[PDB]
$ cat final_14.cif   # mmCIF, C-alpha atoms
data_query
#
loop_
_atom_site.group_PDB
_atom_site.id
_atom_site.type_symbol
_atom_site.label_atom_id
_atom_site.label_comp_id
_atom_site.auth_asym_id
_atom_site.auth_seq_id
_atom_site.Cartn_x
_atom_site.Cartn_y
_atom_site.Cartn_z
ATOM 1 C CA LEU S 248 50.586 -22.725 90.134
ATOM 2 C CA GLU S 249 51.450 -25.567 92.477
ATOM 3 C CA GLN S 250 54.612 -23.780 93.607
ATOM 4 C CA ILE S 251 53.199 -20.520 94.883
ATOM 5 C CA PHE S 252 50.861 -21.957 97.510
ATOM 6 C CA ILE S 253 51.483 -25.637 98.162
ATOM 7 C CA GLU S 254 54.547 -26.235 100.308
ATOM 8 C CA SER S 255 56.752 -29.186 101.149
ATOM 9 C CA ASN S 256 56.633 -28.718 104.922
ATOM 10 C CA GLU S 257 52.997 -29.518 105.720
ATOM 11 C CA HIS S 258 52.709 -33.300 105.904
ATOM 12 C CA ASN S 259 48.986 -33.101 105.192
ATOM 13 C CA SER S 260 49.868 -33.139 101.462
ATOM 14 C CA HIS S 261 48.819 -36.769 101.001
ATOM 15 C CA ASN S 262 45.285 -36.309 99.678
ATOM 16 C CA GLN S 263 45.059 -32.535 99.672
ATOM 17 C CA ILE S 264 47.408 -32.218 96.698
ATOM 18 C CA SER S 265 44.574 -33.799 94.734
ATOM 19 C CA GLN S 266 41.933 -32.053 96.826
ATOM 20 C CA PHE S 267 43.235 -28.689 95.625
ATOM 21 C CA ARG S 268 43.963 -29.722 92.047
ATOM 22 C CA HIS S 269 40.554 -31.360 91.639
ATOM 23 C CA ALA S 270 38.761 -28.465 93.345
ATOM 24 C CA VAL S 271 40.307 -26.098 90.826
ATOM 25 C CA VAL S 272 39.389 -28.473 87.999
ATOM 26 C CA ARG S 273 35.764 -28.716 89.056
ATOM 27 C CA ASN S 274 35.113 -25.070 89.783
ATOM 28 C CA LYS S 275 36.798 -24.285 86.493
ATOM 29 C CA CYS S 276 34.230 -26.531 84.846
ATOM 30 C CA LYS S 277 31.448 -24.624 86.589
ATOM 31 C CA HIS S 278 32.636 -21.022 86.320
ATOM 32 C CA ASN S 279 32.843 -21.278 82.509
ATOM 33 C CA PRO S 280 29.792 -23.413 81.660
ATOM 34 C CA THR S 281 29.570 -22.240 78.043
ATOM 35 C CA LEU S 282 32.739 -24.185 77.311
ATOM 36 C CA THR S 283 32.573 -27.969 77.083
ATOM 37 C CA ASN S 284 34.154 -28.746 80.437
ATOM 38 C CA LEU S 285 37.329 -27.478 82.050
ATOM 39 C CA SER S 286 40.487 -29.124 83.352
ATOM 40 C CA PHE S 287 43.654 -28.130 85.202
ATOM 41 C CA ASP S 288 46.038 -26.542 82.729
ATOM 42 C CA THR S 289 43.404 -24.569 80.823
ATOM 43 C CA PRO S 290 44.094 -20.803 80.795
ATOM 44 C CA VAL S 291 40.400 -19.905 81.006
ATOM 45 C CA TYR S 292 39.107 -17.180 83.319
ATOM 46 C CA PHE S 293 38.148 -18.431 86.762
ATOM 47 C CA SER S 294 37.606 -17.492 90.413
ATOM 48 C CA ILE S 295 39.547 -19.481 93.016
ATOM 49 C CA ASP S 296 38.566 -17.622 96.185
ATOM 50 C CA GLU S 297 35.184 -19.278 96.000
ATOM 51 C CA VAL S 298 37.065 -22.579 95.827
ATOM 52 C CA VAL S 299 38.617 -21.472 99.112
ATOM 53 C CA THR S 300 35.146 -20.856 100.534
ATOM 54 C CA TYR S 301 34.077 -24.214 99.098
ATOM 55 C CA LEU S 302 36.964 -25.860 100.932
ATOM 56 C CA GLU S 303 35.767 -24.141 104.098
ATOM 57 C CA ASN S 304 32.221 -25.437 103.678
ATOM 58 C CA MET S 305 33.140 -29.006 102.736
ATOM 59 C CA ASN S 306 35.331 -28.873 105.843
ATOM 60 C CA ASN S 307 32.152 -27.774 107.638
ATOM 61 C CA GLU S 308 29.730 -30.299 106.127
ATOM 62 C CA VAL S 309 27.863 -32.792 108.322
ATOM 63 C CA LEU Z 248 46.027 -39.284 59.937
ATOM 64 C CA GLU Z 249 45.704 -38.592 63.652
ATOM 65 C CA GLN Z 250 47.628 -35.327 63.782
ATOM 66 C CA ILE Z 251 46.477 -34.147 60.360
ATOM 67 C CA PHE Z 252 42.828 -34.289 61.393
ATOM 68 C CA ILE Z 253 42.886 -34.021 65.208
ATOM 69 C CA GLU Z 254 44.654 -32.112 67.972
ATOM 70 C CA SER Z 255 45.320 -32.969 71.611
ATOM 71 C CA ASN Z 256 45.052 -29.371 72.838
ATOM 72 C CA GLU Z 257 41.585 -30.114 74.214
ATOM 73 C CA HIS Z 258 40.636 -31.823 77.468
ATOM 74 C CA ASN Z 259 37.957 -33.835 75.637
ATOM 75 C CA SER Z 260 40.017 -34.456 72.477
ATOM 76 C CA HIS Z 261 39.978 -38.211 73.083
ATOM 77 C CA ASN Z 262 36.241 -38.671 72.555
ATOM 78 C CA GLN Z 263 36.413 -36.509 69.438
ATOM 79 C CA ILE Z 264 39.154 -38.860 68.230
ATOM 80 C CA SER Z 265 36.914 -41.814 69.064
ATOM 81 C CA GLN Z 266 33.802 -40.709 67.200
ATOM 82 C CA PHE Z 267 35.786 -39.136 64.344
ATOM 83 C CA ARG Z 268 37.676 -42.328 63.575
ATOM 84 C CA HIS Z 269 34.720 -44.662 64.055
ATOM 85 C CA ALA Z 270 32.986 -42.420 61.542
ATOM 86 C CA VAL Z 271 35.850 -42.474 59.052
ATOM 87 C CA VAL Z 272 36.244 -46.262 59.201
ATOM 88 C CA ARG Z 273 32.551 -46.893 58.692
ATOM 89 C CA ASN Z 274 32.772 -44.270 55.929
ATOM 90 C CA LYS Z 275 35.463 -46.034 53.970
ATOM 91 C CA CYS Z 276 33.764 -49.405 54.312
ATOM 92 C CA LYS Z 277 30.696 -47.565 53.030
ATOM 93 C CA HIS Z 278 32.904 -46.701 50.057
ATOM 94 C CA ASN Z 279 34.554 -50.070 49.388
ATOM 95 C CA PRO Z 280 32.030 -52.941 49.494
ATOM 96 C CA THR Z 281 33.988 -55.697 47.786
ATOM 97 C CA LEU Z 282 36.502 -57.042 50.280
ATOM 98 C CA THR Z 283 35.060 -59.260 52.997
ATOM 99 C CA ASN Z 284 37.228 -57.830 55.794
ATOM 100 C CA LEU Z 285 38.992 -54.452 55.934
ATOM 101 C CA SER Z 286 41.004 -52.652 58.603
ATOM 102 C CA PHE Z 287 41.191 -49.018 59.686
ATOM 103 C CA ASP Z 288 44.652 -47.974 58.556
ATOM 104 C CA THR Z 289 44.691 -50.257 55.525
ATOM 105 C CA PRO Z 290 44.573 -47.969 52.456
ATOM 106 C CA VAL Z 291 41.091 -47.591 50.961
ATOM 107 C CA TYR Z 292 38.988 -44.715 49.651
ATOM 108 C CA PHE Z 293 37.209 -42.117 51.770
ATOM 109 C CA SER Z 294 36.044 -38.516 51.401
ATOM 110 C CA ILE Z 295 36.462 -35.325 53.428
ATOM 111 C CA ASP Z 296 32.945 -34.017 52.942
ATOM 112 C CA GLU Z 297 31.275 -37.070 54.422
ATOM 113 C CA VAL Z 298 33.127 -36.620 57.715
ATOM 114 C CA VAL Z 299 32.495 -32.865 57.675
ATOM 115 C CA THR Z 300 28.754 -33.379 57.221
ATOM 116 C CA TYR Z 301 28.329 -36.130 59.819
ATOM 117 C CA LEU Z 302 30.247 -34.016 62.334
ATOM 118 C CA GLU Z 303 27.990 -31.033 61.639
ATOM 119 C CA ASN Z 304 24.930 -33.283 61.931
ATOM 120 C CA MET Z 305 25.694 -34.796 65.313
ATOM 121 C CA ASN Z 306 26.835 -31.361 66.501
ATOM 122 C CA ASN Z 307 23.066 -30.630 66.531
ATOM 123 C CA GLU Z 308 22.066 -33.940 68.128
ATOM 124 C CA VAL Z 309 18.547 -34.296 69.572
ATOM 125 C CA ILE Z 310 16.176 -37.198 70.237
ATOM 126 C CA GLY Z 311 12.592 -37.710 71.361
ATOM 127 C CA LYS Z 312 12.129 -38.351 75.068
ATOM 128 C CA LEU Z 313 8.851 -40.318 75.078
ATOM 129 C CA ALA Z 314 8.821 -44.059 75.687
ATOM 130 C CA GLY Z 315 9.846 -45.903 72.545
ATOM 131 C CA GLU Z 316 10.851 -42.606 70.915
ATOM 132 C CA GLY Z 317 14.592 -42.926 71.487
ATOM 133 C CA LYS Z 318 15.985 -41.897 68.114
ATOM 134 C CA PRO Z 319 16.797 -38.522 66.540
ATOM 135 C CA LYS Z 320 13.567 -36.870 65.420
ATOM 136 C CA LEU Z 321 13.481 -34.698 62.306
ATOM 137 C CA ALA Z 322 11.229 -31.838 61.259
ATOM 138 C CA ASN Z 323 9.314 -34.502 59.289
ATOM 139 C CA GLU Z 324 8.503 -36.522 62.464
ATOM 140 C CA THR Z 325 10.466 -39.432 60.960
ATOM 141 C CA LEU Z 326 12.936 -41.475 62.990
ATOM 142 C CA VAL Z 327 16.109 -43.042 61.635
ATOM 143 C CA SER Z 328 17.299 -46.628 61.991
ATOM 144 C CA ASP Z 329 21.023 -45.748 61.715
ATOM 145 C CA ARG Z 330 22.893 -42.508 62.443
ATOM 146 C CA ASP Z 331 25.439 -42.722 59.651
ATOM 147 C CA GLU Z 332 23.540 -43.920 56.581
ATOM 148 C CA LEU Z 333 21.310 -40.813 56.529
ATOM 149 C CA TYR Z 334 23.468 -38.170 58.231
ATOM 150 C CA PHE Z 335 26.513 -38.702 56.018
ATOM 151 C CA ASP Z 336 24.149 -38.145 53.080
ATOM 152 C CA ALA Z 337 23.679 -34.466 53.946
ATOM 153 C CA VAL Z 338 23.247 -32.272 57.000
ATOM 154 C CA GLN Z 339 19.656 -31.853 58.201
ATOM 155 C CA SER Z 340 17.956 -29.414 60.566
ATOM 156 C CA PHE Z 341 16.005 -30.854 63.507
ATOM 157 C CA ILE Z 342 13.383 -29.194 65.687
ATOM 158 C CA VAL Z 343 14.190 -27.496 68.990
ATOM 159 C CA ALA Z 344 14.069 -29.461 72.230
ATOM 160 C CA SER Z 345 11.630 -27.799 74.634
ATOM 161 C CA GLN Z 346 10.020 -28.946 77.865
ATOM 162 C CA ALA Z 347 6.544 -28.639 76.330
ATOM 163 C CA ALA Z 348 4.959 -32.081 76.258
ATOM 164 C CA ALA Z 349 4.083 -32.001 72.562
ATOM 165 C CA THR Z 350 7.716 -31.409 71.558
ATOM 166 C CA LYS Z 351 9.238 -33.184 74.589
ATOM 167 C CA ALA Z 352 12.798 -33.959 73.558
ATOM 168 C CA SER Z 353 16.205 -34.933 74.924
ATOM 169 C CA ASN Z 354 19.495 -33.083 74.516
ATOM 170 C CA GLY Z 355 22.521 -34.732 72.966
ATOM 171 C CA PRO Z 356 25.240 -35.903 75.370
ATOM 172 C CA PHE Z 357 28.007 -35.167 72.857
ATOM 173 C CA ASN Z 358 26.436 -32.005 71.422
ATOM 174 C CA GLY Z 359 28.294 -28.700 71.628
ATOM 175 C CA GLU Z 360 31.687 -30.430 71.666
ATOM 176 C CA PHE Z 361 32.062 -30.462 67.867
ATOM 177 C CA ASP Z 362 31.352 -26.782 67.174
ATOM 178 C CA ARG Z 363 34.864 -25.610 68.055
ATOM 179 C CA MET Z 364 36.467 -28.363 65.956
ATOM 180 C CA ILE Z 365 34.508 -28.147 62.706
ATOM 181 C CA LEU Z 366 35.076 -24.498 61.847
ATOM 182 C CA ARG Z 367 38.836 -24.942 61.947
ATOM 183 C CA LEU Z 368 38.519 -28.250 60.114
ATOM 184 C CA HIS Z 369 36.867 -26.055 57.486
ATOM 185 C CA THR Z 370 39.453 -23.295 57.583
ATOM 186 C CA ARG Z 371 42.384 -25.561 56.827
ATOM 187 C CA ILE F 310 26.232 -51.738 85.720
ATOM 188 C CA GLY F 311 22.743 -51.009 87.019
ATOM 189 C CA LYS F 312 22.060 -48.327 89.606
ATOM 190 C CA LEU F 313 19.198 -50.474 90.912
ATOM 191 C CA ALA F 314 19.654 -51.767 94.444
ATOM 192 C CA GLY F 315 20.589 -55.431 94.517
ATOM 193 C CA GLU F 316 22.119 -55.367 91.020
ATOM 194 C CA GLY F 317 25.678 -54.259 91.748
ATOM 195 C CA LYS F 318 26.837 -56.489 88.939
ATOM 196 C CA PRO F 319 27.394 -56.459 85.151
ATOM 197 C CA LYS F 320 24.030 -56.051 83.443
ATOM 198 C CA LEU F 321 23.587 -57.823 80.108
ATOM 199 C CA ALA F 322 21.355 -56.886 77.200
ATOM 200 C CA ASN F 323 19.057 -59.533 78.699
ATOM 201 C CA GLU F 324 19.902 -58.113 82.160
ATOM 202 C CA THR F 325 21.237 -61.530 83.174
ATOM 203 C CA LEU F 326 23.429 -61.646 86.275
ATOM 204 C CA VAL F 327 26.722 -63.553 86.551
ATOM 205 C CA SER F 328 28.486 -63.797 89.905
ATOM 206 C CA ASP F 329 32.073 -63.908 88.601
ATOM 207 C CA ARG F 330 33.533 -61.290 86.268
ATOM 208 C CA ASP F 331 36.191 -63.774 85.138
ATOM 209 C CA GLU F 332 34.489 -66.385 82.956
ATOM 210 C CA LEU F 333 31.876 -64.003 81.539
ATOM 211 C CA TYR F 334 34.479 -61.996 79.645
ATOM 212 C CA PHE F 335 36.890 -64.761 78.617
ATOM 213 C CA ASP F 336 34.116 -66.840 77.043
ATOM 214 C CA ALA F 337 33.213 -64.170 74.467
ATOM 215 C CA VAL F 338 32.508 -60.480 73.928
ATOM 216 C CA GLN F 339 29.554 -58.955 75.782
ATOM 217 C CA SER F 340 26.930 -56.721 74.159
ATOM 218 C CA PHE F 341 25.931 -54.700 77.199
ATOM 219 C CA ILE F 342 23.238 -52.045 76.793
ATOM 220 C CA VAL F 343 24.349 -48.497 77.526
ATOM 221 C CA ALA F 344 22.778 -46.376 80.245
ATOM 222 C CA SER F 345 20.096 -43.708 79.942
ATOM 223 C CA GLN F 346 19.207 -41.350 82.754
ATOM 224 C CA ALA F 347 15.581 -42.459 83.266
ATOM 225 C CA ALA F 348 15.347 -44.136 86.664
ATOM 226 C CA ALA F 349 14.042 -47.476 85.391
ATOM 227 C CA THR F 350 16.776 -47.494 82.721
ATOM 228 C CA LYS F 351 19.402 -45.607 84.741
ATOM 229 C CA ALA F 352 22.805 -47.307 84.834
ATOM 230 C CA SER F 353 26.457 -46.646 85.672
ATOM 231 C CA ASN F 354 29.416 -46.461 83.305
ATOM 232 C CA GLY F 355 32.557 -48.343 84.261
ATOM 233 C CA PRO F 356 35.614 -46.426 85.472
ATOM 234 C CA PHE F 357 37.623 -48.932 83.432
ATOM 235 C CA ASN F 358 36.125 -47.589 80.208
ATOM 236 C CA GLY F 359 37.214 -44.318 78.630
ATOM 237 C CA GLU F 360 40.997 -44.497 79.074
ATOM 238 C CA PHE F 361 42.098 -47.691 77.270
ATOM 239 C CA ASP F 362 41.197 -46.793 73.675
ATOM 240 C CA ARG F 363 44.603 -45.902 72.267
ATOM 241 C CA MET F 364 46.341 -49.002 73.606
ATOM 242 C CA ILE F 365 43.614 -51.224 72.192
ATOM 243 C CA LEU F 366 43.722 -49.831 68.677
ATOM 244 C CA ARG F 367 47.512 -49.857 68.505
ATOM 245 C CA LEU F 368 47.529 -53.460 69.693
ATOM 246 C CA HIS F 369 44.917 -54.240 67.058
ATOM 247 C CA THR F 370 47.315 -52.829 64.486
ATOM 248 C CA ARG F 371 50.341 -54.739 65.733
#

$ encode --input "final_14.cif" --output "structure tokens"
Amino acid sequence: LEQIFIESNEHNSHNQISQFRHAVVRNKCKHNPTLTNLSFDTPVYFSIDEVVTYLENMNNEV
Amino acid sequence: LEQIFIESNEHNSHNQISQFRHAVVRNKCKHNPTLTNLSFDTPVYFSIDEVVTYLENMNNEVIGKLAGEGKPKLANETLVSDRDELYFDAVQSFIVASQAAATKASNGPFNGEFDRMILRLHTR
Amino acid sequence: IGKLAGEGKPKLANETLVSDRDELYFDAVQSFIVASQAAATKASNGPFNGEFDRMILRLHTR
């Protein structure tokens, strides 16, 4: 899951490794609220495109 | 004991471990009164059903929200000094928490986490 | 700790305030009161707590 998208070339990896991993963790927590609370490795249904949009907005926030 | 009665599959497994084992240790001191000081692992008597019942109890945790009403409230309006000494006795059914002022109540912070665990603890 | 402004400091059961974290803990164990969400009683959990349990019980065994 890290392999497909994240790449070695971009040197912006420093924090954004965690930015992405934590984004997925958190929106996992939210998208399945019936469950206790969701983490990285869990194979529980989820939508990531809205994490992309969320990245856009939190890039936009003021 | 750890792996017999707990798994690490879950993200929140660690807190289940915490409360489970605190419960079992207080349980087996509840059993053995004689010795002045006892340790967790040190062999002494305990029972499966007591843990099962306390887990089921706090799986339905509720308290009263009003000032000076911070303890789990029963159907009988009574409030309990200590969680274990009455819950381990037998599982009891508490009223619903609703925003209505008369039955103003607070949700459990740990509630809902135990429901997945207990049914498989039963199955095995 | 207490969320209250001006109390960025360990809060006791008596809510006493000690400037240095060092000598408070070495002298003896501390019976801090746990947080509840109500604003007057609202408080913050330590990031230290939650992750040290297994080490502490194994060391208690040893």

$ interface_residues --input "final_14.cif" --of "chain Z" --to "chain F" --cutoff "12 Å" --atoms "all atoms listed in the file" --output "ChimeraX atom specification"
/Z:249,259-262,264-266,268-269,286-289,312-314,317,353-356

$ interface_residues --input "final_14.cif" --of "chain S" --to "chain Z" --cutoff "8 Å" --atoms "all atoms listed in the file" --output "list in words"
residues 283, 284, 285 and 286 of chain S

$ atom_distance --input "final_14.cif" --atom1 "CA of residue 288 in chain S" --atom2 "CA of residue 255 in chain S"
21.5 Å

$ residues_around --input "final_14.cif" --residues "residue 277 in chain Z" --least-positions-apart "3" --cutoff "9 Å" --atoms "all atoms listed in the file" --output "VMD selection string"
chain Z and resid 272 to 274 280 293 332

$ resolve_selection --input "final_14.cif" --expression "the PyMOL selection byres ((chain F and resi 338-340) around 10)" --output "list in words"
residues 319, 320, 321, 322, 323, 333, 334, 335, 336, 337, 341, 342 and 343 of chain F

$ atom_distance --input "final_14.cif" --atom1 "CA of residue 371 in chain Z" --atom2 "CA of residue 305 in chain Z"
20.9 Å

$ atom_distance --input "final_14.cif" --atom1 "CA of residue 368 in chain F" --atom2 "CA of residue 248 in chain Z"
17.3 Å

$ closest_residue --input "final_14.cif" --among "S:298, S:253, S:248, S:291" --to "residue 270 in chain S" --atoms "only C-alpha atoms"
S:298

$ residues_around --input "final_14.cif" --residues "residue 310 in chain Z" --least-positions-apart "2" --cutoff "6 Å" --atoms "only C-alpha atoms" --output "ChimeraX atom specification"
/Z:318-320,352-353

$ residues_near_point --input "final_14.cif" --point "(53.8, -27.7, 97.5)" --cutoff "12 Å" --atoms "all atoms listed in the file" --output "VMD selection string"
chain S and resid 248 to 261 263 to 265 267 to 268

$ residues_around --input "final_14.cif" --residues "residue 299 in chain Z" --least-positions-apart "3" --cutoff "8 Å" --atoms "all atoms listed in the file" --output "PDB file with C-alpha atoms, in the frame of the given file"
ATOM      1  CA  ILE Z 295      36.462 -35.325  53.428  1.00  0.00           C
ATOM      2  CA  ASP Z 296      32.945 -34.017  52.942  1.00  0.00           C
ATOM      3  CA  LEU Z 302      30.247 -34.016  62.334  1.00  0.00           C
ATOM      4  CA  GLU Z 303      27.990 -31.033  61.639  1.00  0.00           C
ATOM      5  CA  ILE Z 365      34.508 -28.147  62.706  1.00  0.00           C
ATOM      6  CA  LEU Z 368      38.519 -28.250  60.114  1.00  0.00           C
TER       7      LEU Z 368
END

$ residues_around --input "final_14.cif" --residues "residue 349 in chain Z" --least-positions-apart "4" --cutoff "12 Å" --atoms "all atoms listed in the file" --output "ChimeraX atom specification"
/Z:311-313,324,342-345

$ residues_around --input "final_14.cif" --residues "residue 279 in chain Z" --least-positions-apart "3" --cutoff "10 Å" --atoms "all atoms listed in the file" --output "count of residues only"
9

$ build_atoms --input "final_14.cif" --residues "range 274-292 of chain S" --atoms "N, CA and C atoms" --output "compact mmCIF listing (two decimals), in the coordinates of the input"
# COMPACT_ATOMS: atom_id res chain seq x y z
N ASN S 274 35.69 -26.40 89.82
CA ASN S 274 35.11 -25.07 89.78
C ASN S 274 35.49 -24.33 88.51
N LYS S 275 36.56 -24.76 87.84
CA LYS S 275 36.80 -24.28 86.49
C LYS S 275 35.66 -24.73 85.59
N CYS S 276 35.35 -26.03 85.63
CA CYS S 276 34.23 -26.53 84.85
C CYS S 276 33.00 -25.66 85.06
N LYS S 277 32.70 -25.33 86.32
CA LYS S 277 31.45 -24.62 86.59
C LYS S 277 31.51 -23.15 86.21
N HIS S 278 32.62 -22.47 86.49
CA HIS S 278 32.64 -21.02 86.32
C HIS S 278 32.52 -20.63 84.86
N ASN S 279 33.01 -21.48 83.94
CA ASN S 279 32.84 -21.28 82.51
C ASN S 279 31.98 -22.42 81.98
N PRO S 280 30.65 -22.32 82.12
CA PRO S 280 29.79 -23.41 81.66
C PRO S 280 29.53 -23.40 80.17
N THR S 281 29.74 -22.27 79.49
CA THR S 281 29.57 -22.24 78.04
C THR S 281 30.53 -23.21 77.37
N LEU S 282 31.78 -23.24 77.84
CA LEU S 282 32.74 -24.18 77.31
C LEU S 282 32.28 -25.61 77.61
N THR S 283 32.92 -26.56 76.93
CA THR S 283 32.57 -27.97 77.08
C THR S 283 32.64 -28.36 78.55
N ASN S 284 33.86 -28.34 79.08
CA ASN S 284 34.15 -28.75 80.44
C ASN S 284 35.64 -28.51 80.65
N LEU S 285 36.02 -28.07 81.84
CA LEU S 285 37.33 -27.48 82.05
C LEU S 285 38.21 -28.39 82.89
N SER S 286 39.51 -28.27 82.68
CA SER S 286 40.49 -29.12 83.35
C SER S 286 41.52 -28.23 84.04
N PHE S 287 42.64 -28.83 84.43
CA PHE S 287 43.65 -28.13 85.20
C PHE S 287 44.32 -27.04 84.38
N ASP S 288 45.09 -27.44 83.37
CA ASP S 288 46.04 -26.54 82.73
C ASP S 288 45.37 -25.43 81.94
N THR S 289 44.06 -25.51 81.72
CA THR S 289 43.40 -24.57 80.82
C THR S 289 43.61 -23.13 81.30
N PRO S 290 44.07 -22.23 80.43
CA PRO S 290 44.09 -20.80 80.80
C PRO S 290 42.78 -20.11 80.45
N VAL S 291 41.73 -20.47 81.18
CA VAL S 291 40.40 -19.90 81.01
C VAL S 291 40.00 -19.20 82.29
N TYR S 292 39.43 -18.00 82.16
CA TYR S 292 39.11 -17.18 83.32
C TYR S 292 38.39 -18.00 84.38
